[PDB]
Amino acid sequence: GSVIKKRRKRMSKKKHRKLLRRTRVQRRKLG
Amino acid sequence: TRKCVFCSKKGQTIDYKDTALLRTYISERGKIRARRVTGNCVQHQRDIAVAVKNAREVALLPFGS
Amino acid sequence: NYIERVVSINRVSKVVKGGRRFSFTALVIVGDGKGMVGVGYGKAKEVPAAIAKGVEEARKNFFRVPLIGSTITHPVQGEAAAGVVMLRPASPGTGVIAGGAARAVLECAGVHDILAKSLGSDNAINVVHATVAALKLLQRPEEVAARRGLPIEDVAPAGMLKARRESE
Amino acid sequence: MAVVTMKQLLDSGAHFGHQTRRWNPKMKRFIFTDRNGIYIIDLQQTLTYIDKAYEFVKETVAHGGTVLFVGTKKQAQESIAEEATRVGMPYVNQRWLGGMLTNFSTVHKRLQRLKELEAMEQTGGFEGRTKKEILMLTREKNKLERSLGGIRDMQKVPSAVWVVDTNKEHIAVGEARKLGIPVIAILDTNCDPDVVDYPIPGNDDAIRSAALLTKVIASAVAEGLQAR
Amino acid sequence: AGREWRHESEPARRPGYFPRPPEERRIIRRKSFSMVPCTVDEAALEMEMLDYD
Amino acid sequence: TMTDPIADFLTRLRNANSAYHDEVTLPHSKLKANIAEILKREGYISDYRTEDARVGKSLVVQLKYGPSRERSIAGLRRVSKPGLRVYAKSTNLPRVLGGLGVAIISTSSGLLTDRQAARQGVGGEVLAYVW
Amino acid sequence: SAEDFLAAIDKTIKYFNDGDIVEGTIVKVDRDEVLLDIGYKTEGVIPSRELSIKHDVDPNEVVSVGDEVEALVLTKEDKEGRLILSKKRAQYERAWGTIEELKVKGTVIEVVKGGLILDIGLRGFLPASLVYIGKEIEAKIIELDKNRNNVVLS
Amino acid sequence: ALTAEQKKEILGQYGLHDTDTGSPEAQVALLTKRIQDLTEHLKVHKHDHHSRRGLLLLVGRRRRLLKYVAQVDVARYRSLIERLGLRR
RNA sequence: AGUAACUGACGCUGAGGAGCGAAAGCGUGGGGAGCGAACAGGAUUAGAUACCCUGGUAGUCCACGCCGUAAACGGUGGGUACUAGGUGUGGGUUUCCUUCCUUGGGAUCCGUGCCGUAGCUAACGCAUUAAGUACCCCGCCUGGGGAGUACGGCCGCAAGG
RNA sequence: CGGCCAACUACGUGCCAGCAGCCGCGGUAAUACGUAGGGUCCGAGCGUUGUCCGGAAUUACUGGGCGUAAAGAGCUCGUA
């Protein structure tokens, strides 16, 4: 199939990973 | 094509001691000749390669002269 | 005489340097209502011309449907491309119960009482092809008896035999 | 009722076929033995369908019918030509224009144009116009007569078609099957017997075998012609 | 050098002779035309009509 | 592994019919022989017989083809299979091709067709459909 | 029996190999090719290139219908099953055999000022010193090649 | 695997008669001996996972054979288990 | 693979469960030639947190352990029976050309490719190594985003799964 | 009363006012907006909303699929 779907999925996963990197310390302090 | 001189009824055994039988199977640079340019079967080609490597390890053939 | 059923007019187009070139495709069913039907698919720059080509193609390819009095011999299911059409005999006086393309094909063929259902690929051309295949899957009782080499009585049920008696 | 005997066609090489690699399994029915990398055709079946093909040709041309001698491979080229000229029957030898049988109404105009060219030749109009025009017209004449040698007698349609080496001229067999015309052909060991109605198993790559088969068919059609 | 090809890619340098790589190259032409003594001019004339460099 | 010998027999018959084979050979059993005899009596196969194989007995069935090289069997289906088994009462016996086909039913009286079971007023397991 | 009689006919047919000499009769002469009848599955095919030594000879003048020639098989199996035959290589082989059986007599083809390239069916150089278009001369052979059939003549 | 002499002695000691080699008792005995040898090997080479998979296959086959024996004859199963020192 | 001496349906699949599981990554202790995330300058560019160049730390390596992910793909779950062939190649048995040297050829069992019937498919294509004809068991899907995300829970040193 | 879906014209307005179940209609000449004629379907009823079934083979037991459309666990062993 076309790689457009894979592009959407990788963008979503990348954004989630960046969010996790940004809030790692806050999650640890609240967890 | 060519003949596997070992599959014949007169096929001499492959050993790492008889150096001439191996020298006839390596090129002038000392590299092992390909199977197609020789024509021997796969098992005999592998035995020839193993014997050549062993003879090199015991300093009977040069390492790429 | 003959009856006709123009079941689908479509406007197709191909892209060229200047722009889009449009042509018209007509799917026409030609029959007599007495047991013979045919399907044609014509294409031309104008609708009436495409209809004429479809009519001549349908007349060229005729096919006799094994009617038994007023209905098909036995229930069948035909598949062509992704279109699936199931046909079932009905009691006299039921009338034609079918979708658009199926109704046109069966009315042209001359079937008066039949239950037809299309179970996929609502596209008209494939539904027509599936209906044609399902009709081609029908077998007359005499053909079955000849195939099995047994008397017609020993093969068909008494209902079909009595239906044949009244129809003749 | 065989004009030729079992020794006659056998000497030519009809029993020969093709290589084992290029064989069609559907010919196992008419295969007798495989030797020296080629298959051998049993001649008894060849006889018991050559008599049937003889009978069918007799009946067809007897009731006001016509046949077509079709063959494009050079091995059976000249043969069929001369056979047609000894019976006065349509034939094709050079090349099968795709669609003689199916597109008959269109190709008949070619015969009309050829007749017009012959009429012009009789009237002798080779100098009333430019030299280039008359040269082009002469080339068109030659090309049309070369492409359509035995087609000038095709009035309505062939009643039957005779084909050599069905594999080479698959277009003619396809046209005949589309029109329902019943094809009588000499299948080899690599052909398809489902596409031919009345086959005659045998070799077609040998000029002698093809010539002998054409002799048989021509004799059958001549006898039918004498018994109208 | 060899990977990928483009419109302006450098054309491959091809020698006049057929490649025939060292594998089974062999020596299958052995002329012995003349060894009668000659002078420079006579040798040049023997060159010229033989069309040999 | 082999789970349904009857389904295997039906598929062998179908494959042989589609390939225009004239003979089919397969391992023999009483149920297969009985359904083969039922098929022969209904005129769906030419004739069946049993040879002796290397270990057990065999079953050789000749397929029937009409003069025009067309098949005398148009369809072969297995109804009651291991897992989901189908049993029919004497009043709700199945009809195949609107009665044109034949339904094989195993009743306490042996192997019958749909019409025979209906006439004798018995029911059983609907083994297969033939048409 | 009939089976044995057919079997005898079938064994009557002979076999060949790639590289043998086969003798046959020409059935068709064509603008591009020459056919040959041997008595086997198909008629052997001789290309116009593989027909004669000279490079501008037409098949019609060299070979006529009904003639008999001895050719050599190059490839038994083509895509269409035809076997390629050549009398040019056959004459090459037979003439070369004759040539060691001479090492001599023949005619000349090419005019080089440094010698004479005699065409005895094969190329033979005679040096110009110890010897002329279309003439025939006699001398002994110096150096054969037999790979490309080249040879040097005295 | 085991050598010919070990197989012969195991078959002679555990076989039902002097000829059988595929009896479930003999198969179980041979599998148990192979399993103990493979365990002794693997106690040295801990990271030989492929032979460990082979051991798992042998264990499963022995368990299936014991299941068959216990299903056919319980007394034979008890005798075999007590004689070969197996638990489950 | 062959012999088929032996047991005599002991077979198949398998919810959960257990084990193995590329690379990257983590912990302890070693090792560190080349390569090389990060990081420095040089260069190109309007701008270069890049592509190119010069250096270069983790890492790549070894031992014992963790994690449990990949385009972990043949994007094709496991077992079985049947359905035209032709030709390469790996392994093993045997009959006939017979020199018995020889891919001689044939037969057969088990793999691994290519081309092609019937058949199947929306098409591309698959086609005896089925995506064909059928049977047994398991897993999975029910429009696209939101989202394999939030909450809760289990595992993990952590990344995270 | 554009097509599904029986039944078209004129005037007023102009990306406004508005219509609309979906597709979609309002850009001075709208059979889709508003009003008038004309027409069609029903008729003491006619439409709208809300809820359920059908059409939906769209949870496929009857009656679906997993190469590329969503779908074969990364692979084995094995308990029920």
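Residues numbered from 1 in each chain as written, not as in the entry; some residues may be left out. Chains lettered and ligands numbered in written order. Part of a larger assembly, values for the part shown. Heavy atoms only, no water. Residues with missing side-chain atoms left out of burial classes, pairs and counts.

In terms of determination method and resolution, the entry is listed under cryo-EM at 3.5 Å.

Chemist: It is not clear to me how the overall build of chain D should be interpreted in this structure. Could you clarify?
Modeler: Within chain D, the secondary structure is distributed over 7 helices and 7 strands. If you list the helices and strands of chain D from N to C, you get α-β-β-β-α-β-α-β-α-α-β-α-β-α. Each of the 228 residues in chain D was classed as buried or not, and the buried ones make up 50%. Carbon together with sulfur atoms contributes 52% to the accessible area of chain D, which is approximately 10,900 Å² in total. (Helix = DSSP H or I, 4+ residues; strand = E, 2+ residues; numbered from the N terminus. Buried < 20%, exposed > 50% of the residue type's maximum accessible area, 1.4 Å probe, protein only. Areas by Shrake-Rupley, 256 points an atom, 1.4 Å probe, with all protein chains shown as cover.)

Chemist: When you look at the interface of chain G and chain D in this model, what are you seeing that I'm missing?
Modeler: A common way to state how big an interface is: give the accessible area lost once the parts meet. Listed as interface residues are 23 residues of chain G and, on the opposing side, 22 residues of chain D. Summing both sides of the interface, chain G and chain D together bury roughly 1,900 Å²; the carbon and sulfur share of this comes to 54%. Our count for the chain G to chain D interface comes out at 3 salt bridges. The interface formed by chain G and chain D holds 7 residue pairs in polar contact in total. With 6 residues, the single largest contributor to the side of chain G that touches chain D is helix α1 (residues 2-12) of chain G. A class-by-class count of the residues in the side of chain G that touches chain D yields 8 nonpolar, 3 polar and 12 charged. (Contact = heavy atoms within 4.5 Å. Buried area = accessible area lost by both parts, 1.4 Å probe. Salt bridge = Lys/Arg side-chain N within 4 Å of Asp/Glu carboxyl O. Polar contact = N/O pair within 3.5 Å; in protein donor to acceptor, adjacent residues only side chain to side chain. Nonpolar A, V, L, I, M, F, W, Y, C, P; charged D, E, K, R; others polar.)

Chemist: Can you help me understand the packing of helix α3 (residues 77-87) of chain D against helix α7 (residues 207-226) of chain D in this one?
Modeler: The relative placement of two packed helices comes down to the angle between their axes together with the axis-to-axis distance. Residue and element names in this part refer to chain D. Between α3 and α7, whose axes approach to 10 Å, the crossing angle comes to 15°. On the basis of their axis angle, the class for α3 and α7 is roughly parallel. With respect to the hand of their crossing, α3 and α7 are arranged in right-handed fashion. Touching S79, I80, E82, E83, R86 and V87 of α3 are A210, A211, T214, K215, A218, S219, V221, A222 and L225, all from α7. Split into classes, the residues belonging to the contact of α3 with α7 amount to 8 nonpolar, 3 polar and 4 charged. (Axes fitted to C-alpha atoms, helices over the stretch in contact; angles between N-to-C directions. Parallel < 35°, antiparallel > 145°, perpendicular 65-115°, else oblique. Left-handed = near helix turned anticlockwise from the far one by under 90°.)

Chemist: Hey, could you run me through the protein's contact with RNA strand J in this one?
Modeler: Taken together, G1(A), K5(A), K117(C), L119(C), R53(H), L57(H), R63(H), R64(H) and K67(H) make up the full set of residues adjacent to RNA strand J. In RNA strand J, atoms within 4 Å of the protein come from the sugar-phosphate backbone in 80% of cases. Contact between RNA strand J and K5(A): a phosphate oxygen at 2.8 Å from a side-chain N or O atom of the residue. In the environment of RNA strand J, a sugar or linking oxygen lies 2.9 Å from a nitrogen or oxygen atom belonging to the side chain of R53(H). (Near = heavy atom within 4 Å.)

Chemist: Explain empty space enclosed by the protein here, please?
Modeler: To find the voids left in a structure, one rolls a probe of water-molecule size over its atoms. Within this model, the largest cavity holds a volume of roughly 80 Å³. For the lining of the largest cavity, the residue count by class is 10 nonpolar, 2 polar and no charged. (1 Å grid on protein atoms, 1.4 Å probe; cavity = no way out; pocket = protein on both sides within 12 Å on 5 of 7 lines; lining within 4 Å. Points joined across faces, edges and corners; volume = space filled by probe spheres on them.)

Chemist: Looking at this structure, I do not really get the sheet that holds strand β7 (residues 76-80) of chain C. What am I missing?
Modeler: Within a sheet, each strand pairs with its neighbour through backbone hydrogen bonds, oriented either parallel or antiparallel. Residues and elements named next belong to chain C. With respect to topology, 4 strands assemble into an open sheet ordered β7-β8-β10-β9, the strand pairing being mixed. The two strands at the open ends of the sheet, each matched to only one other strand, are β7 and β9 (96-97). Judged from the 5 bridges that link them, strand β8 (residues 83-89) and strand β10 (residues 114-118) form a sheet pairing that is antiparallel. Bridge pairing in β10 links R88 to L115. (Pairing = 2+ DSSP bridges.)

Chemist: I would appreciate a short explanation of the packing of aromatic side chains in the present structure.
Modeler: Centre distance and the angle of the planes are the two values used to describe a pair of aromatic rings. Going through the model one piece at a time under the given rule, you end up with 10 aromatic pairs over all chains. Aromatic side chains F69(D) and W162(D) sit 6.3 Å apart centroid to centroid with 55° between the ring planes, which places their arrangement in the tilted category. In this pair, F69(D) is assigned in strand β4 (residues 67-70) and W162(D) in strand β6 (residues 160-164), connecting sequence segments 93 residues apart. One exposure class covers both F69(D) and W162(D), and it is buried. One aromatic cluster is present, formed by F16(D), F16(G) and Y40(G) through successive ring pairs. When the ring centre of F22(C) is taken as origin, the NZ or CZ atom of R11(C), which lies over that ring, is 4.2 Å away. Note that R69(F) overlies the ring of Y65(F), its terminal NZ or CZ placed 4.6 Å from the centroid. (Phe/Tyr/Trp six-rings, centres within 6.5 Å; stacked < 30°, edge-to-face > 60°. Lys NZ or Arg CZ within 6 Å of the ring centre and 35° of its normal.)

Chemist: Could you clarify how one ought to interpret the pairing of strand β2 (residues 31-35) of chain D in this entry?
Modeler: Side chains on a regular strand alternate between the two faces of the sheet. All names here are of chain D. Sheet topology note: the β2/strand β3 (residues 38-41) ladder contains 4 bridges and is antiparallel. When the sheet's bridge partners are listed, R35 is paired in β3 with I38. The antiparallel pairing of β2 with β3 creates a hairpin that spans 2 residues between the two strands, and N36 there sits at a positive phi of about 55°.

Chemist: I'm lost on the nonpolar core in this one. Help?
Modeler: Note on soluble globular proteins: their nonpolar side chains tend to be buried together. In terms of nonpolar packing, the biggest core is built from 38 residues, with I50(D), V67(D), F69(D), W162(D), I184(D), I200(D) and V221(D) touching the most fellow members. Listed by contribution, the elements that provide at least two residues to this core are α1 (6-12), α2 (43-62), β4, α3, β6, β7 (183-186) and α7 of chain D together with α1 of chain G. Dropping the residues within four chain positions of it, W162(D) is found in contact with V67(D), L68(D), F69(D), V70(D), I80(D), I184(D), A185(D), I186(D), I200(D), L213(D), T214(D) and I217(D). Core analysis: the second largest hydrophobic core is formed by 30 residues, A98(C), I114(C), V127(C) and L138(C) among them. (Core = buried A, V, L, I, M, F, W, Y, C linked by side-chain atoms within 4.5 Å.)

Chemist: I would appreciate a short explanation of the layout of surface pockets in the present structure.
Modeler: In this model, the largest pocket occupies a volume close to 720 Å³. Every residue lining the largest pocket is counted, 27 residues in all, and those nearest its centre are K31(E), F33(E), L50(E), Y52(E) and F125(G). For the lining of the largest pocket, the secondary structure elements donating two or more residues are α1 (40-50) of chain E together with β8 (123-127) and β11 (151-153) of chain G. No other element matches the 5 residues that α1(E) contributes to the lining of the largest pocket. Residue composition of the lining of the largest pocket, grouped by class: 14 nonpolar, 4 polar and 9 charged.

Chemist: Help me understand the protein's contact with RNA strand I in this model?
Modeler: Close contacts around RNA strand I come from 47 residues, with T3(F), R14(F), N15(F), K81(F) and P82(F) the closest. For RNA strand I, the fraction of atoms within 4 Å of the protein that belong to sugar or phosphate moieties is 89%. Between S12(A) and RNA strand I, the recorded distance is 3.4 Å, taken from a side-chain N or O atom to a phosphate oxygen. The set of elements that each furnish at least two residues to the surface near RNA strand I consists of α1 (4-30) of chain A, α3 (42-57) of chain B, α1 (5-18) of chain F together with α3 (49-72) of chain H. For the surface near RNA strand I, the element with the highest residue contribution is α1(A), accounting for 9 residues. Across the surface near RNA strand I, the residue classes break down as 12 nonpolar, 17 polar and 18 charged.

Chemist: Help me understand the pattern of salt bridges in this model?
Modeler: Once the charged atoms of two side chains with opposite charge are near each other, the side chains can pair. Counted according to the given criterion, the structure contains 37 salt bridges over all chains. Of the charged contacts, one joins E127(D) and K131(D) as a salt bridge, the two residues approaching to 2.8 Å between their closest N and O atoms. The partly exposed category is assigned to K131(D), whose relative accessible area is 40%. Close ionic contact of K33(H) with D37(H) constitutes a salt bridge, the shortest N to O distance being 2.5 Å. Of this pair, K33(H) and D37(H) both sit in helix α2 (residues 24-42), 4 residues apart, which is roughly one turn of that helix. On the accessibility criterion, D37(H) (32% relative accessible area) is partly exposed. Because the salt bridges share partners, they merge into one network encompassing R148(C), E37(F), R41(F) and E42(F).

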